[PDB]
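S.K.: What shape does this take:
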Amino acid sequence: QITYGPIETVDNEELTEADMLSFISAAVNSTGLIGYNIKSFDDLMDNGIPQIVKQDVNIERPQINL
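M.R.: Numbers count the residues shown, from 1 in each chain. See below for the structure:
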């Protein structure tokens, strides 16, 4: 039950096509140039490997550390 300013109130006629590229920049910065691959590997190692081996064991950093 949270409202927002009236639609007619918003004043963005000055907005230009070049300005919208700020949105693209924000999207790329947040998501990143590339991602979700290291994320999938990390989630696997953290949860799937324990969950999968169950059906406690964990892998430490590769090693003398290399």
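
S.K.: how close does the most centrally placed residue in the chain sit to residue 24?
M.R.: Among the residues of the chain, residue 31 comes closest to the average C-alpha position under CA atoms, centre = their mean, at 4.8 Å. Residue 31 sits 11 Å away from residue 24, taking CB to CB, to the nearest Å as the criterion. Using the backbone N, CA and C atoms, a C-beta is placed for each residue, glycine as well.

S.K.: How about residue 30?
M.R.: From residue 30 across to residue 24, the span is 11 Å (CB to CB).

S.K.: got it, and residue 40?
M.R.: Going from residue 40 to residue 24 by CB to CB gives 25 Å.

S.K.: do the same with residue 37
M.R.: 22 Å.

S.K.: What's the local residue count around residue 45?
M.R.: In terms of burial, residue 45 registers 12 neighbours under the definition other CB atoms under 10 Å.

S.K.: Please read the previous query as pertaining to residue 49.
M.R.: Residue 49, neighbours per other CB under 10 Å, totals 14.

S.K.: Which residues are in contact with it?
M.R.: The contact partners of residue 49, taken as CB atoms under 8 Å, 6 or more residues apart in numbering, are 57, 58, 59.

S.K.: Most neighbours among those, which one is it?
M.R.: Neighbours here are counted as other CB under 10 Å. On that basis the top member of the contacts of residue 49 is residue 58, with 9 neighbours.

S.K.: Now that residue. Nearest residue, chain neighbours left out?
M.R.: Nearest non-adjacent residue to residue 58, counting by CB to CB, 6 or more residues apart in numbering: residue 50, 6.9 Å away.

S.K.: what ranges do the helices span in the protein?
M.R.: Listed from the start of the chain, the chain has helices (DSSP state H) covering 17-31, 37-43, 49-54.

S.K.: Turn the ones you listed into JSON lines, including distance to residue 3.
M.R.: Written out in JSON lines, the entries for these read as follows (distance: least, CB to CB, whole Å):
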{"stretch": "helix 17-31", "distance to residue 3": "24"}
{"stretch": "helix 37-43", "distance to residue 3": "35"}
{"stretch": "helix 49-54", "distance to residue 3": "43"}
